[PDB]
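Read the structure below first, then the notes.
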DNA sequence: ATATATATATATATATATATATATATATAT
DNA sequence: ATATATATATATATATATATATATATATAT
Ligand SMILES: Nc1ncnc2c1ncn2[C@@H]1O[C@H](COP(=O)(O)OP(=O)(O)OP(=O)(O)O)[C@@H](O)[C@H]1O
Ligand SMILES: [Mg+2]
């Protein structure tokens, strides 16, 4: 369990979008967009946007924060969902 | 916008279906009670204590609980995939039956969960629409509508996932079989796999390369290089914008004619364009005459119609001045 | 909220215009003048500044609006003088930020009446700097000269607080304009750009555009992916069923 | 002048050359129920006063169809106007068009 | 009789060569592209007229070969009328790794969709990091700049193999891909349980694989 | 089915080699007697056969045949470098009339190298080798090597027939006219070719 | 799968119908010639409602059509649409393309423009039955609704503090009379819409800014002179 | 059959002396609205003249067919162009019917003012006529 | 002695398939 | 880090095939 400010903010944005998502599904094509926006707000460019986004998504997935599902038809060919621990961490503040 | 909020915050660091059924029953009872309370009606305080405190908190919490149950099933889905993957590493050809069972049970569990979800989604939606209908019982019930608008999606969203997850699993399942039908059928003993691993590890002890057809590409003629036009154009830069003003003489003339003509409408006097134009043009010099005639007509034709125009008898071209000006119009009678 | 606005339009080295800036009105700006005065030329220069997509740009006469003329020429090339030309728009953001977008145009030497376009943007320009002057260098006695993109970049870079950018794709140019509340819709795809140009082009000639009415469904109603997904799901199911039957 | 249904298509001024889009030609809606007439009067180089014209009728039906019949008249007095020929000055306020 | 197709060509070969699918398949094949079960139309076309096309291509001194896995390709001869070329050693490393991923059940959850990062991670896991890096640059010593260079080289080789049909980028994503059965050729040196040095001599004799 | 004479043409034993050389972009002139005669005979069908590939089989006014890929060409296309067209135009110029007394149809790499150096502008030479270059020995050696490479590439296309030996001395074929400019009534071939080169 | 499909299409259609019907009230009885008001009519197509019904409940009955090796899915759908509801009498368009067209939900709605011409009520707007000015005003109305829709859709992406610019054009404005122009001005101002209009003569002397252009031959080339104009003096 | 026609042997073009430049082919894309309209009118009158010339030899020598043309939305033209058109049509003995929503006020010829109203629950067009001015 | 039904021809315009040109992404190479 | 080549997608215009609706001449009922 290690959530820097950017990762935590990305998680909160993801939760907000899921709340405003119609059917409660999140393809990675939108996760990357959310990460782009949060990193832009936080004003830091260690590497490219894509590599940082991929690393962060993988880190949360392995940190038991997101669940990934392989769906070719989905935008980005994957569907992501908040895990119960991620839900708890997000709603702890929300 | 939430990014600044997070930045300034500065922070950092049960799959049983009987459960789902009992939460669904509780939700049905509470939702029906709240809908009936709303339908009965009451004052603002009654409306509140019956549709905002009981409903809001209870429905939010229990929909969240149901969603958490779905997430726990999702976690179980992930874990069973991982378990199958690990099993195929340990038994290879002998785990086929085990994996098929696990797939069967997981699919069945998914079927029961979807069935339980759809067992009450429609009626709960009906109750929510009933609460929507009863919401309008007061003008201050705006917040209720939000919930009656929010609590919709969640429910439907939940049901959506109940199928979408399944849509995913029935896919994954197939893939697994293909693997068993493809990966292990030609590697029953798995020896080929180990031998490939050792070949990879010790490839450069005997570096070999395959041969592939490498037909030539059809070389083409490069299109002529494009050269733009450069001429270093120079010229005088424009001065400050001048200005001109519009003459309202025609406006004054129109006002004069409208005032002179309003009397005809006032008295409903039959207007004859010939005589009126002939009389009025005498007040102006000839070059302006046209610009007068037009305006007068514009003012005159808005005042009633001419009844003779339905008689089928064409009107004549009455002269209205010297120099040869003529007009064709019936008398304006019907104001 | 205060909506952004178009302040002015600047034309450089155009057919008839050397360097002319018309200041727009908050509600209505009108142009008058006899036939062939160049009003049509002005609208063309504007829209070019807005949508520099050369494929979409096609200046048919008001007559034969949408009727194929077989001229093979889009009509833009003859509207420009030899050498460099510019078309720029000043816009005040709802954030009350003065941003100058623009495009450099240049005829391509050769029998083909083809042209090159390079978009560009400037942010933070001081309110006192007028585009007409910013794009021109006063050389000689009251005989200002136009300066190319390299010269313009050098001039701007020399000044402080102004951000100049040049875009390699009209896509990014559109993205930035959308970012600054210049464009209602995000022209992510070429189809987006085509629809946009369709809208503006119809307005220019005015009245009922056949394409607009025919595609009203597309233009008004948004696209939905969930329906597409459900259809694809059906497709997979049917394909499997046919496989089994065969 | 040209009473041919195939050629007659009153597209709006806008879209002077664009496709049909719809099926209608725009003529039917310009008429009124009943029998209508459109007539020209001409004076030849021979100074013969000739009245050419067409009778129109909105063909009743599901569609907006029109029937057109041409005709010509010669030897008319210069003093008689076309409207008089085609309309009966009945006692009612408004005249009556005759077939 | 005269004016009769059989005078010159078998009927089925002429029908195959006049089929709409023939040109694209031929261009891809001559380019070196392998054909798998996924291209159902092209694969079925090859199955139907397999013999006609092998005998046709024999005129070019190149063998149309169907591996037991069921994927067709071309092997030029020393007297090939169509030029021939050999894959790089890095290409071999990546091809062997792809065969592993095709056969690896651990990544089954991926369901066949893989990212270049995962491929690189697996490659470095099984291979020798620095001694493999030696080939990327002779003056590499673990420098992260050279690390990025190796990642980029792996990406380029992956693109090339995609060109050969061994891998498909996803209809919308060029950063994710799906493996094809053609990759099995990278294991042809180990598909037979014999001495590696004899399988290598057999393969090189067959023209399957040259040395370096 | 298939056209019968098209089937006859494809079956001809010359077809494999000719097809490979065409798909490689090579130009078949009058020198290749068998191939040129075959193409003359069976053009009406090879044009259709290669149109099935979204390519056009063109017989030049000079007579030589070649393949022009369309935008939708099914044969992987490629584009010649700038130096490639420059060298092609140099040879087209050298397909001159005084050439007969100059080299009797046999040129050497030195002739081409000197002509290119004297005739071309420095900026394009640097663009060929590299922008940052400025009149150096290494740059000139690389330029000469690239000249040799493009000469080999032209040989691949059939533009230039090497005289058989390791040494670089060759002859120029008529197909080189592809690089040439159009000829009008009374125009000097030298003047138009040089104007194009300039 | 078919049942679920039909369901999602139905939901999407209902949502969009409601949204458009709510939007319709953004218009206030524009005055253009005999046109007194403009409106958008959205209605599910019964020819398509029948299709939805069959898909949702009687998919199996026509499996014969679906499972034909000759027909692709789009072609299968087109053939089914043909089988039922054959009186529509579609044209010579290929089954393929019509099928894909069917694969779009929006197609299932008749989306039409209604005008309150004179006292004839609301009638379908056909260019062939409208005066030039009437048609021009109708168009401008349509374009303004479209831009409003685009802006609304982008509300989510855009920041809360930015309202995109609004600007349209009209060449050869002389085609319009004073009343129509005044109607257009009131509409545009109500909608905060900027406008650039052209006409040889100054048709709008009393509103917005005005400029007058004159082209002069000058040293064997051309120059345009611009002069400002003012409503009153 | 195309070759069988002499007309096909001929290439026909329309050229205009635009401004300081010489004669250029009239491209619809290279002209302003009024210029295009005027050129079209010119060509129309040319066609009319050609057709009359063709038909005369099959007609009585004392027959001069009527000539009459239209121009809707004439407001697209300026006064200068309109006067040029009037002069041209007069010089060619050709009658014109031009429509303008009150924007222009051509002094010469007949003018007809129109207004639509409702009367007896029916649309009516009140009409007025003027002429002789100038 | 007249008016309606048939067959023919024609232009309309509808749709498809083709070919072109431009923009884009992006992978290479200096 | 950026110039350049290559593949892909879209819009646009051309050309052709084809169905539709109308006009014209003849046939046949009244
Ligand atoms: N591409 C071009 N090539 C040559 N001349 C052109 C071109 N575009 C415009 N012109 C000429 O430039 C002048 C300006 O035309 P433009 O249509 O812009 O003027 P205008 O005042 O709007 O005219 P109108 O109202 O008649 O359309 C006219 O002479 C036109 O012929
Ligand atoms: Mg103009």
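Chains as they are written, first to last, in the authors' numbering: chain A, 22 to 115; chain B, 10 to 22, 119 to 440; chain C, 2 to 247; chain D, 51 to 149; chain E, 2 to 213; chain F, 9 to 206; chain G, 1236 to 1468; chain H, 1335 to 1468.
Quick reminder that beta carbons are idealized off the backbone N, C-alpha and C, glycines included.
Closest by C-alpha distance to residue i, when choosing among the options
i: residue 38 (chain F); options: F:72, F:22, F:17 and F:55; result: F:72
i: residue 102 (chain F); options: F:45, F:187 and F:15; result: F:187
i: residue 16 (chain F); options: F:50, F:192 and F:30; result: F:50
i: residue 405 (chain B); options: H:1461, H:1390 and H:1466; result: H:1461
i: residue 97 (chain C); options: C:182, C:164 and C:144; result: C:182
i: residue 1396 (chain H); options: D:126, D:119, D:86 and D:94; result: D:94
i: residue 150 (chain F); options: F:163, F:133 and F:165; result: F:133
i: residue 125 (chain D); options: D:72, D:56 and D:100; result: D:100
i: residue 1376 (chain H); options: H:1404, H:1445 and H:1341; result: H:1404
Closer than 7 Å: residue i CB and nearest ligand 1 heavy atom
i: residue 65 (chain C); result: no
i: residue 80 (chain C); result: yes
i: residue 76 (chain C); result: yes
i: residue 1372 (chain H); result: no
Check: residue i C-beta below 7 Å from any heavy atom of ligand 2
i: residue 1367 (chain H); result: yes
i: residue 92 (chain A); result: no
i: residue 40 (chain C); result: yes
i: residue 37 (chain C); result: yes
For residue j and residue i, believed in contact at Cβ under 8 Å, the rounded distance
i: residue 252 (chain B); j: residue 168 (chain B); result: Incorrect: roughly 11 Å between the Cβ atoms, too far for contact.
i: residue 179 (chain B); j: residue 263 (chain B); result: No, residue 179 (chain B) and residue 263 (chain B) are not in contact; Cβ-Cβ is about 12 Å, not under 8 Å.
i: residue 1448 (chain G); j: residue 39 (chain C); result: 6 Å
i: residue 178 (chain F); j: residue 168 (chain F); result: 5 Å
i: residue 36 (chain C); j: residue 1369 (chain H); result: 6 Å
i: residue 21 (chain B); j: residue 29 (chain A); result: 6 Å
Residue i versus residue j: straight-line alpha-carbon distance, rounded
i: residue 1365 (chain G); j: residue 107 (chain C); result: 42 Å
i: residue 82 (chain E); j: residue 61 (chain E); result: 5 Å
i: residue 18 (chain F); j: residue 32 (chain F); result: 18 Å
i: residue 122 (chain D); j: residue 1356 (chain G); result: 40 Å
i: residue 195 (chain B); j: residue 277 (chain B); result: 21 Å
i: residue 91 (chain A); j: residue 63 (chain A); result: 30 Å
i: residue 75 (chain D); j: residue 61 (chain D); result: 7 Å
i: residue 34 (chain A); j: residue 56 (chain F); result: 60 Å
i: residue 144 (chain D); j: residue 1271 (chain G); result: 29 Å
i: residue 147 (chain D); j: residue 86 (chain D); result: 8 Å
Q.
Threshold first: 3 residues or longer. Then list the beta strand (DSSP E) segments lying entirely within the region 1312 to 1399 of chain G, N to C.
A. 1344 to 1352 and 1357 to 1359
Q) Curious, which full-length alpha helix (DSSP H) runs of at least 4 residues does the region 272 to 326 of chain B contain? A) 296 to 306
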